[PDB]
Each structure stands twice: as C-alpha cells, then as structure tokens.
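Chemist: Here it is: the structure, laid out below.
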Amino acid sequence: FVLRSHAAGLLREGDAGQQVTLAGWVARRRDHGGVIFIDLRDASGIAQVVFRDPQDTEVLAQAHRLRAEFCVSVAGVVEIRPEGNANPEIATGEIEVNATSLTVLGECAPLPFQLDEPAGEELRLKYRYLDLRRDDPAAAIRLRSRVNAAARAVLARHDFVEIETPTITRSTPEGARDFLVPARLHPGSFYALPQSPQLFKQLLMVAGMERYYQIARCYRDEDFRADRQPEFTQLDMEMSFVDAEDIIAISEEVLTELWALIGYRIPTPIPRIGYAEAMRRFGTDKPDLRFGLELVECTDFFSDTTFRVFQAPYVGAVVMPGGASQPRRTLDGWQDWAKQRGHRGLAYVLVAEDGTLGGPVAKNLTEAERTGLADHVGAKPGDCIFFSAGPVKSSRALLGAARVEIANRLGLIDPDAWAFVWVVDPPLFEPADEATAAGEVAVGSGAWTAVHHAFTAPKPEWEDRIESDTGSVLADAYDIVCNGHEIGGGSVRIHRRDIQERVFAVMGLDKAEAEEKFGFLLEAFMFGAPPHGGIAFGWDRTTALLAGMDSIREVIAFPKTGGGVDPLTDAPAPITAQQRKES
Ligand SMILES: N[C@@H](CCC(=O)O)C(=O)O
Ligand SMILES: N[C@@H](CCCC[NH3+])C(=O)O
Ligand SMILES: N[C@@H](CCCC[NH3+])C(=O)O
Ligand SMILES: N[C@@H](CC(=O)O)C(=O)O
C-alpha cells in the first residue's frame, strides 16, 4: 500500500487525530504490561508507536517480532500521550501512534553492535551501513552534500564552468606513486589514475574556458597519513589572465560560504605570512595560530656558551607557562615524546619561583647565559623552556611539533576557534634527497624537485635565476591553512615552453625525458597559452573541519582503513586465471 505518507520526526501535538502511515526503523522496543512500545526512526527523527487492544490479532503476531533496527511500515492514528508519558528530550515529546496495520519490510538479525555503544575501527567500517544509521555519521555525510552545494554556489556566481576530466589517462606528478590500470587492448602498456587534474585543467585554460572548477577524485599511492586516503576528493579550480591575488580573492569567497553553513563569518581577507617567516616563528609551513608559544631563536645567545650540544647552526626555544610545576614523570615523558620524533631529545631548563634557573640545561650556562636566558625567551617564574638544537629544519620541526603538544597539555587551544592563514612565497625547489627520505616520489633524477609541482612558476623576480641559485628561488605559490591543517594550495603556472624546460632541466628531466612524459603540455604552450593559475582544496579535511571530526574517514561514506584495507567489501582480492589473462 502507501508505505509512507508522513515523517516520523516532524509530528507535533497539533497533528493529533490524523490517520498517518509511517516508514522507518525500530530504534528500541519496550513491553509494559502487554503493550508494545517502539521508537520508529526515519531520516527526519523518531516518533513513538503503540499497540493497544487487538484491533487485528494478526498485528500483534508481527508486533511481537519487532526487534532493534527492524525495518517496518506502520499505519496508525496520531494521538496525545497520556499524562506522565511526555518526553521533553525528544522533539515528538507528546504524541504517539495508535497502530492499526503493521508490515515487516525487512527483518533484522541481532546487530554486530548497538547504535548507542560505538565499536572499533574494523567493526564500524565492516558494518558502515549500520554505523551510518547513527546520528553523528549521518549528519556528517548530509553536511558534505551542503558543502559541495556551497562551493558550487560561489563558483556559479563567478561564471565558472564545471568540467569533468579523464581518470583513465596519463601520469601526473604530485609527489606520490601512480595507481596503474592495465590496458586490455594494449598488452604491456598501463593507464594511470590521476594524482590530480592539474595537466587537464591547464589545457582547459589554453582552450579558452577561462574559469574552470571540478570536484574531482584524485589517486595517490601515498603512505597512509594525514588528511587523505589513497582515493580522495578535491575542489579543483583554475583561472586565466589572473595573478595570485585574483585566486586568493576567489578562494576566500568559497571558504566564506562554506563556514557560513555552521554559522561562522570568516574575517576577510585572511591574514598572510611568508614561508620563511612561518617556519621562523612556528617551525612549520602549516602553523596553528589559535595560540601563541612562538619559537624564540637563541643562536646568537649561545655564541660563547661552552656547551657543545648547543654549538650548532641553530638553537630554538618554546616557553611553557607554569611548566616548572610538572612532576618528574611529566618531564621525563617529554624526552620519550621527543625521542619518537627523530631527535636526541628535548632539553629544557626549569625556572624556580625565586627566579633561579634549574634543570639539566641550567648547569651549562655561562653566568651571562643564566642572566639573560629567562629574559631572552620570555620566561616567567615557574615556566619551562624546551630547547631544540642542531640543523635548522630539524630543530624547527622538532620545536614546531613540541610547540603544538604544549598547547594540548596546557588546555590552551579553544576548540570553538578558527585560525585561517595564507602561507605565501614558498621555495620552488627542495633537495631530492630530502623529499625521497620522507617517502615522496621525485620529479627527476636531479638534485632538486618541486615543492608543490613541477608546473609551478617562479616569481618574475627569480625567473632569471632558475639555473644560478636554485635553492633561493621563490615560488608564485600559496597555501591556505586552517587550525594547523593544510586545506588548500595553488600557484601561478608556467605557460612558456622554454621556462618549463628550464625548470625540468634543473630537476633532472632530460630534454627528451620531458617530451616523452609531458610533450603534449609543452606542445600546447606553443599555441597561445595564457597566463593562468589555480588552487585545489583538500575536500576531505575541509569537510571534517566543518563537521568537527578530527578523522577524515568520518566524512567519507565508505572509507578504508590505514593501508587500503577495506573491511566492507574485502578489497583488494586476487583474480582468476581467466581474468589475469587480459593483462
Ligand atoms: N538532527 C537530525 C536527527 C535529530 C537529532 O539530532 O537528534 C535530523 O535532522 O533528523
Ligand atoms: N512519499 C514519500 C513519503 C512522504 C514524504 C516523506 N518525506 C516517500 O515515498 O518517500
Ligand atoms: N567566464 C567568462 C564568461 C563565461 C560566459 C561566457 N558566455 C569570462 O569571465 O569572460
Ligand atoms: N595540483 C595541486 C593543486 C594545485 O596546484 O592547484 C595538488 O594536487 O595539490
């Protein structure tokens, strides 16, 4: 019949005396004196349905079968619950359905886990369709739909064009390994899943599309970490006849509509800091600006200290307020914490209430060091100053990571705060030995590789110095950071055949090694390529921030575990011999 005519969660006291038929799942069942009470849940909410005197004896034969998560279709009459049965916590607090008919649409076996007691990672993914029935995962998936519509609304206001790009095509370098697809009608040759639609969106700018956008699917065989899985989603954008200012301006407008979905007006324009300044003050190119605790350089301070472990190219410091009152277990635990990061340890010097500098670092001072150490790093009586020495990037990152953990233990991060920042003027190159050490795939066999991608253009001031001082080259790129998370990054592109070949030659791509890999793109630059640039947002992390979830898998409908394991579909699985033949 009519499986559903009303919504369960929308009923009210003014809808009483109405013959309705509902459809949904049984949230709970409780028998009280022979009367069966059920909580009927659909996508709109929960309403209570009761069974009274046997209007039909066949109904009670089925009503006694009802259990948790039974999918049913109930027809009754909305009435007012008797005095003493009102639920001020539920929306439908004073209403119940006196059922007359009842149909079991889908019997439910005893659940692997109840919807109120959450389970582990493997169990929630193996039964994700049951996990998605919970309140928080459902609202997270439905929010991601409004996030897409919010981004499409901004770009549609600016005459952008939604264009789908091939996913079975050529390799695109982004710093990771490619996912391969065997060509059936071409034995030995392999397609490649796109690490990004970077190449196709630059060709679309040569095509005169001017303004392009796409919510694309990107595939990167990375080490399972951070804000994306092997298969993740981006908000891809690209414009022509624009500079970095134009792309930042439209990116801030997209973020404004996104965070407006949760009721937070972003202060436009978002502040910007340079790459060299960002790592100088915070130790990372993606800093958290919800708290202070900035790094204090002490290299000049220890130019006369006889401590050999501080006779290094860099000396950093982070002051923990009130950190001298920590027990020995908390201080010794910081050494085991710093040991897992990749350093010899996090040396510190406590400050007594009387101002005396104490700790293992205090005995190494040079009197004049003990005089100014508390005043140089901005330490108060009772503070704790964690020091980091050694190479610049190693000590900056070790202190930049130690800076964040101090905010966690001291309860310094306000969870309701939002700290956006642009990180501009990054380096365009970095040593290939430092990238492959972090598990990244190098562009070429040379001593350099791209910091974003090889198609990033240098600033016009450093265009003449791609070959000379390679490391000093500043990039025309920009990354947007939110609460210590990188949620997006872009750059102005190279649109000349000769400059793209110079950048390729620096990274170790031979003059023929580019024609074989990117000969189509270099060819397109000979046919009136416009100045263009763009940006791509990590859509999984952006949605997880808007939803308040720290794990990005909470905003993916059917995510995988760490390592590509799929508990739901048991993928990947081997193939037959007949299937393997076409390879
Ligand atoms: N808010 C969800 C479920 C109700 C709830 O959060 O308790 C909805 O719109 O149906
Ligand atoms: N006709 C709807 C039910 C009534 C409207 C519920 N929102 C359906 O079959 O899904
Ligand atoms: N986006 C284009 C116009 C798109 C609509 C053209 N009929 C521009 O800014 O020039
Ligand atoms: N293609 C870049 C984004 C961009 O440069 O526009 C990425 O995937 O991170």
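Following the order of the structure tokens, chains are lettered A, B, ..., residues in each are numbered from 1, and ligands are numbered from 1.
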Taking only C-alpha atoms and all ligand atoms into account, which residues have an atom no farther than 10 Å from ligand 3? I'd like them as a CSV table (one decimal) with N, CA and C atoms, in the first residue's frame.
Modeler:
chain,number,residue,atom,x,y,z
A,156,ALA,N,29.5,29.3,-9.3
A,156,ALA,CA,28.4,29.7,-10.3
A,156,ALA,C,28.1,31.2,-10.4
A,158,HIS,N,30.4,33.3,-10.3
A,158,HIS,CA,31.6,33.9,-10.9
A,158,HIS,C,31.8,33.3,-12.3
A,159,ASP,N,30.7,32.8,-12.9
A,159,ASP,CA,30.8,32.3,-14.3
A,159,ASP,C,31.8,31.2,-14.5
A,160,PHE,N,32.0,30.4,-13.5
A,160,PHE,CA,32.9,29.2,-13.6
A,160,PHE,C,32.1,28.1,-14.3
A,161,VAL,N,32.9,27.2,-15.0
A,161,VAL,CA,32.4,26.1,-15.7
A,161,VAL,C,32.8,24.8,-15.1
A,208,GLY,N,40.5,28.3,-23.7
A,208,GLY,CA,39.6,29.5,-23.6
A,208,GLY,C,38.5,29.3,-22.6
A,209,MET,N,38.5,28.3,-21.7
A,209,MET,CA,37.4,28.2,-20.7
A,209,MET,C,37.5,29.3,-19.7
A,210,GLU,N,38.7,29.8,-19.5
A,210,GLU,CA,38.9,31.0,-18.6
A,210,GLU,C,38.7,30.7,-17.1
A,211,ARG,N,37.5,30.1,-16.8
A,211,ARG,CA,37.2,29.8,-15.4
A,211,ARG,C,36.7,28.4,-15.3
A,212,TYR,N,37.4,27.5,-14.7
A,212,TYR,CA,37.0,26.1,-14.5
A,212,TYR,C,37.0,25.7,-13.1
A,239,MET,N,42.0,29.6,-13.2
A,239,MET,CA,41.6,30.8,-13.9
A,239,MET,C,42.7,31.2,-14.8
A,240,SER,N,42.4,32.0,-15.8
A,240,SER,CA,43.4,32.6,-16.7
A,240,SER,C,43.3,34.1,-16.6
A,241,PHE,N,44.4,34.8,-17.1
A,241,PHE,CA,44.6,36.2,-17.0
A,241,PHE,C,44.4,36.7,-15.6
Chemist: All residues within 10 Å of ligand 2 are required, counting only C-alpha atoms and all ligand atoms; please report them as a list in words.
Modeler: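 Taking only C-alpha atoms and all ligand atoms into account, the residues around ligand 2 at most 10 Å away are residues 2, 3, 4, 5, 6, 7, 8, 10, 21, 22, 23, 42, 43 and 44 of chain A.
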Chemist: Would you mind exporting the chosen residues as a PDB file, in the first residue's frame, restricted to N, CA, C and O atoms?
Modeler:
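Heads up, here's the output in again.pdb:
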ATOM      1  N   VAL A   2       0.424   2.278   0.724  1.00  0.00           N
ATOM      2  CA  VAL A   2       1.194   3.509   0.894  1.00  0.00           C
ATOM      3  C   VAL A   2       2.202   3.251   2.010  1.00  0.00           C
ATOM      4  O   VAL A   2       1.871   3.333   3.194  1.00  0.00           O
ATOM      5  N   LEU A   3       3.441   2.928   1.630  1.00  0.00           N
ATOM      6  CA  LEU A   3       4.453   2.570   2.619  1.00  0.00           C
ATOM      7  C   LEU A   3       4.757   3.726   3.562  1.00  0.00           C
ATOM      8  O   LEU A   3       5.126   3.500   4.720  1.00  0.00           O
ATOM      9  N   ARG A   4       4.603   4.963   3.096  1.00  0.00           N
ATOM     10  CA  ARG A   4       4.863   6.125   3.934  1.00  0.00           C
ATOM     11  C   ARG A   4       4.094   7.319   3.389  1.00  0.00           C
ATOM     12  O   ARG A   4       4.040   7.529   2.175  1.00  0.00           O
ATOM     13  N   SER A   5       3.495   8.090   4.297  1.00  0.00           N
ATOM     14  CA  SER A   5       2.832   9.339   3.948  1.00  0.00           C
ATOM     15  C   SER A   5       3.251  10.519   4.811  1.00  0.00           C
ATOM     16  O   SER A   5       3.093  11.663   4.369  1.00  0.00           O
ATOM     17  N   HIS A   6       3.771  10.288   6.014  1.00  0.00           N
ATOM     18  CA  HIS A   6       4.246  11.345   6.895  1.00  0.00           C
ATOM     19  C   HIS A   6       5.683  11.055   7.305  1.00  0.00           C
ATOM     20  O   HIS A   6       6.212   9.963   7.084  1.00  0.00           O
ATOM     21  N   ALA A   7       6.312  12.055   7.914  1.00  0.00           N
ATOM     22  CA  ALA A   7       7.635  11.909   8.500  1.00  0.00           C
ATOM     23  C   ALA A   7       7.501  11.708  10.004  1.00  0.00           C
ATOM     24  O   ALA A   7       6.689  12.368  10.658  1.00  0.00           O
ATOM     25  N   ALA A   8       8.301  10.789  10.545  1.00  0.00           N
ATOM     26  CA  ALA A   8       8.163  10.426  11.953  1.00  0.00           C
ATOM     27  C   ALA A   8       8.576  11.571  12.869  1.00  0.00           C
ATOM     28  O   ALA A   8       7.871  11.895  13.832  1.00  0.00           O
ATOM     29  N   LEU A  10       8.681  14.795  12.445  1.00  0.00           N
ATOM     30  CA  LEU A  10       8.072  16.103  12.247  1.00  0.00           C
ATOM     31  C   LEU A  10       6.709  16.242  12.914  1.00  0.00           C
ATOM     32  O   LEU A  10       6.157  17.347  12.925  1.00  0.00           O
ATOM     33  N   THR A  21       0.486   6.989   8.099  1.00  0.00           N
ATOM     34  CA  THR A  21       1.259   5.769   7.915  1.00  0.00           C
ATOM     35  C   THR A  21       2.728   6.145   7.809  1.00  0.00           C
ATOM     36  O   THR A  21       3.101   6.987   6.985  1.00  0.00           O
ATOM     37  N   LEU A  22       3.555   5.537   8.653  1.00  0.00           N
ATOM     38  CA  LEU A  22       4.969   5.861   8.735  1.00  0.00           C
ATOM     39  C   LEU A  22       5.814   4.695   8.237  1.00  0.00           C
ATOM     40  O   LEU A  22       5.352   3.556   8.138  1.00  0.00           O
ATOM     41  N   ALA A  23       7.070   5.003   7.924  1.00  0.00           N
ATOM     42  CA  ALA A  23       8.035   4.003   7.493  1.00  0.00           C
ATOM     43  C   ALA A  23       9.403   4.367   8.044  1.00  0.00           C
ATOM     44  O   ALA A  23       9.807   5.533   8.006  1.00  0.00           O
ATOM     45  N   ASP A  42      13.053   7.418  11.190  1.00  0.00           N
ATOM     46  CA  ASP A  42      13.393   7.625   9.788  1.00  0.00           C
ATOM     47  C   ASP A  42      14.477   8.703   9.712  1.00  0.00           C
ATOM     48  O   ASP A  42      15.085   9.071  10.721  1.00  0.00           O
ATOM     49  N   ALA A  43      14.715   9.213   8.503  1.00  0.00           N
ATOM     50  CA  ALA A  43      15.750  10.223   8.318  1.00  0.00           C
ATOM     51  C   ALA A  43      15.385  11.568   8.933  1.00  0.00           C
ATOM     52  O   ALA A  43      16.263  12.429   9.052  1.00  0.00           O
ATOM     53  N   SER A  44      14.128  11.769   9.331  1.00  0.00           N
ATOM     54  CA  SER A  44      13.692  13.042   9.888  1.00  0.00           C
ATOM     55  C   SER A  44      13.674  13.067  11.410  1.00  0.00           C
ATOM     56  O   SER A  44      13.752  14.154  11.995  1.00  0.00           O
TER      57      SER A  44
END
Chemist: Assign secondary structure with DSSP using the backbone only, and return the residues of stretch 212-390 of chain A in strand (DSSP E) as a compact mmCIF listing (two decimals) with C-alpha atoms, in the first residue's frame.
Modeler:
# COMPACT_ATOMS: atom_id res chain seq x y z
CA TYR A 212 37.05 26.12 -14.55
CA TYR A 213 36.10 24.12 -11.48
CA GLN A 214 35.65 20.44 -10.68
CA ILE A 215 35.01 18.30 -7.60
CA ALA A 216 37.37 15.60 -8.82
CA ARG A 217 38.66 12.30 -7.45
CA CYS A 218 42.44 12.05 -7.04
CA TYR A 219 44.50 8.89 -6.62
CA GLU A 231 41.47 7.92 -3.04
CA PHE A 232 40.43 11.44 -2.01
CA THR A 233 38.41 14.41 -3.26
CA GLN A 234 39.49 17.92 -4.27
CA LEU A 235 37.76 21.17 -5.16
CA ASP A 236 39.81 21.94 -8.26
CA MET A 237 39.92 25.49 -9.62
CA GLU A 238 41.83 27.29 -12.36
CA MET A 239 41.60 30.77 -13.89
CA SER A 240 43.37 32.60 -16.71
CA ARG A 272 49.10 36.12 5.15
CA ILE A 273 52.66 35.28 6.23
CA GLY A 274 55.71 34.22 4.27
CA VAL A 315 69.12 26.92 18.78
CA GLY A 316 65.37 27.20 19.36
CA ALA A 317 63.14 27.55 22.41
CA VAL A 318 59.48 27.29 23.41
CA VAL A 319 58.31 28.58 26.80
CA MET A 320 55.66 26.52 28.58
CA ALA A 347 66.41 19.59 26.55
CA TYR A 348 64.83 22.08 28.94
CA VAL A 349 65.63 24.39 31.85
CA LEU A 350 63.10 24.91 34.63
CA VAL A 351 62.56 28.25 36.38
CA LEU A 357 67.34 28.69 36.53
CA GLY A 358 67.19 24.96 37.20
CA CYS A 384 59.60 25.67 31.35
CA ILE A 385 61.70 26.40 28.26
CA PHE A 386 62.19 23.46 25.89
CA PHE A 387 65.27 23.90 23.69
CA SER A 388 65.95 22.47 20.24
CA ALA A 389 69.40 22.49 18.63
Chemist: Would you list the residues that come within 10 Å of ligand 1? Count only C-alpha atoms and all ligand atoms and give the answer as a PDB file with N, CA, C and O atoms, in the first residue's frame.
Modeler:
ATOM      1  N   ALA A   8       8.301  10.789  10.545  1.00  0.00           N
ATOM      2  CA  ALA A   8       8.163  10.426  11.953  1.00  0.00           C
ATOM      3  C   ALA A   8       8.576  11.571  12.869  1.00  0.00           C
ATOM      4  O   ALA A   8       7.871  11.895  13.832  1.00  0.00           O
ATOM      5  N   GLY A   9       9.713  12.200  12.585  1.00  0.00           N
ATOM      6  CA  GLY A   9      10.253  13.221  13.459  1.00  0.00           C
ATOM      7  C   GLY A   9       9.644  14.597  13.344  1.00  0.00           C
ATOM      8  O   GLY A   9      10.046  15.499  14.084  1.00  0.00           O
ATOM      9  N   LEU A  10       8.681  14.795  12.445  1.00  0.00           N
ATOM     10  CA  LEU A  10       8.072  16.103  12.247  1.00  0.00           C
ATOM     11  C   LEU A  10       6.709  16.242  12.914  1.00  0.00           C
ATOM     12  O   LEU A  10       6.157  17.347  12.925  1.00  0.00           O
ATOM     13  N   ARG A  41      12.157   5.283  13.797  1.00  0.00           N
ATOM     14  CA  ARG A  41      13.121   6.265  13.318  1.00  0.00           C
ATOM     15  C   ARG A  41      13.186   6.245  11.798  1.00  0.00           C
ATOM     16  O   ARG A  41      13.360   5.182  11.193  1.00  0.00           O
ATOM     17  N   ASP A  42      13.053   7.418  11.190  1.00  0.00           N
ATOM     18  CA  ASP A  42      13.393   7.625   9.788  1.00  0.00           C
ATOM     19  C   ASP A  42      14.477   8.703   9.712  1.00  0.00           C
ATOM     20  O   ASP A  42      15.085   9.071  10.721  1.00  0.00           O
ATOM     21  N   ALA A  43      14.715   9.213   8.503  1.00  0.00           N
ATOM     22  CA  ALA A  43      15.750  10.223   8.318  1.00  0.00           C
ATOM     23  C   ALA A  43      15.385  11.568   8.933  1.00  0.00           C
ATOM     24  O   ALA A  43      16.263  12.429   9.052  1.00  0.00           O
ATOM     25  N   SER A  44      14.128  11.769   9.331  1.00  0.00           N
ATOM     26  CA  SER A  44      13.692  13.042   9.888  1.00  0.00           C
ATOM     27  C   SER A  44      13.674  13.067  11.410  1.00  0.00           C
ATOM     28  O   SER A  44      13.752  14.154  11.995  1.00  0.00           O
ATOM     29  N   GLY A  45      13.572  11.916  12.061  1.00  0.00           N
ATOM     30  CA  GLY A  45      13.532  11.879  13.511  1.00  0.00           C
ATOM     31  C   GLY A  45      12.874  10.599  13.995  1.00  0.00           C
ATOM     32  O   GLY A  45      12.761   9.624  13.254  1.00  0.00           O
ATOM     33  N   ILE A  46      12.441  10.633  15.254  1.00  0.00           N
ATOM     34  CA  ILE A  46      11.872   9.471  15.926  1.00  0.00           C
ATOM     35  C   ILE A  46      10.510   9.837  16.499  1.00  0.00           C
ATOM     36  O   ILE A  46      10.340  10.911  17.088  1.00  0.00           O
ATOM     37  N   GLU A  89      12.742  15.514  26.117  1.00  0.00           N
ATOM     38  CA  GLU A  89      14.004  15.445  25.390  1.00  0.00           C
ATOM     39  C   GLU A  89      13.815  15.230  23.893  1.00  0.00           C
ATOM     40  O   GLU A  89      14.630  15.713  23.099  1.00  0.00           O
ATOM     41  N   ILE A  90      12.763  14.521  23.490  1.00  0.00           N
ATOM     42  CA  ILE A  90      12.500  14.230  22.085  1.00  0.00           C
ATOM     43  C   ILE A  90      11.665  15.359  21.495  1.00  0.00           C
ATOM     44  O   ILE A  90      10.875  16.005  22.191  1.00  0.00           O
ATOM     45  N   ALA A  91      11.857  15.612  20.197  1.00  0.00           N
ATOM     46  CA  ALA A  91      11.044  16.606  19.502  1.00  0.00           C
ATOM     47  C   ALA A  91       9.567  16.233  19.543  1.00  0.00           C
ATOM     48  O   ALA A  91       8.714  17.061  19.883  1.00  0.00           O
ATOM     49  N   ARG A 134      23.700   5.924  12.746  1.00  0.00           N
ATOM     50  CA  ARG A 134      23.860   6.743  13.937  1.00  0.00           C
ATOM     51  C   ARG A 134      23.685   8.221  13.598  1.00  0.00           C
ATOM     52  O   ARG A 134      23.741   8.633  12.436  1.00  0.00           O
ATOM     53  N   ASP A 135      23.474   9.027  14.641  1.00  0.00           N
ATOM     54  CA  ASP A 135      23.141  10.434  14.438  1.00  0.00           C
ATOM     55  C   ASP A 135      24.329  11.213  13.880  1.00  0.00           C
ATOM     56  O   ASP A 135      24.186  11.974  12.916  1.00  0.00           O
ATOM     57  N   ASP A 136      25.513  11.039  14.476  1.00  0.00           N
ATOM     58  CA  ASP A 136      26.658  11.853  14.070  1.00  0.00           C
ATOM     59  C   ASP A 136      27.182  11.479  12.687  1.00  0.00           C
ATOM     60  O   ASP A 136      27.425  12.392  11.879  1.00  0.00           O
ATOM     61  N   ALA A 138      25.564  10.203  10.169  1.00  0.00           N
ATOM     62  CA  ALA A 138      24.569  10.605   9.180  1.00  0.00           C
ATOM     63  C   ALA A 138      24.620  12.107   8.929  1.00  0.00           C
ATOM     64  O   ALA A 138      24.624  12.553   7.777  1.00  0.00           O
ATOM     65  N   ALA A 139      24.670  12.904   9.999  1.00  0.00           N
ATOM     66  CA  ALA A 139      24.735  14.352   9.840  1.00  0.00           C
ATOM     67  C   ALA A 139      26.029  14.787   9.164  1.00  0.00           C
ATOM     68  O   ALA A 139      26.067  15.839   8.519  1.00  0.00           O
ATOM     69  N   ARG A 142      25.451  14.085   5.328  1.00  0.00           N
ATOM     70  CA  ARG A 142      24.489  15.036   4.782  1.00  0.00           C
ATOM     71  C   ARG A 142      25.043  16.454   4.772  1.00  0.00           C
ATOM     72  O   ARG A 142      24.627  17.274   3.946  1.00  0.00           O
TER      73      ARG A 142
END
Chemist: A:412, A:47, A:35, A:249: which is nearest residue A:97, counting only C-alpha atoms?
Modeler: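 Smallest distance to residue A:97 is found for A:47.
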Chemist: Enumerate residues in contact with ligand 4: an atom-to-atom distance of at most 7 Å, counting only C-alpha atoms and all ligand atoms. Format the result as a ChimeraX atom specification.
Modeler: /A:174,195-198,236-237,452-453,489-491,534-536
Chemist: Just want the 12 Å neighbourhood of stretch 253-256 of chain A, counted on only C-alpha atoms, with same-chain residues fewer than 3 positions away dropped. Output as a PyMOL selection string.
Modeler: chain A and resi 147-158+213+235-237+246-250+259-270+420+480-482+487-488+535-537+539+542-543+545-546
Chemist: Considering only C-alpha atoms, return as a list in words whatever protein or nucleic-acid residues lie within 9 Å of residue A:51, sequence-local ones (same chain, fewer than 2 positions apart) excluded.
Modeler: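 Selected residues are residues 35, 36, 37, 49, 53, 54, 55, 59, 60, 63, 97, 98, 99 and 100 of chain A.
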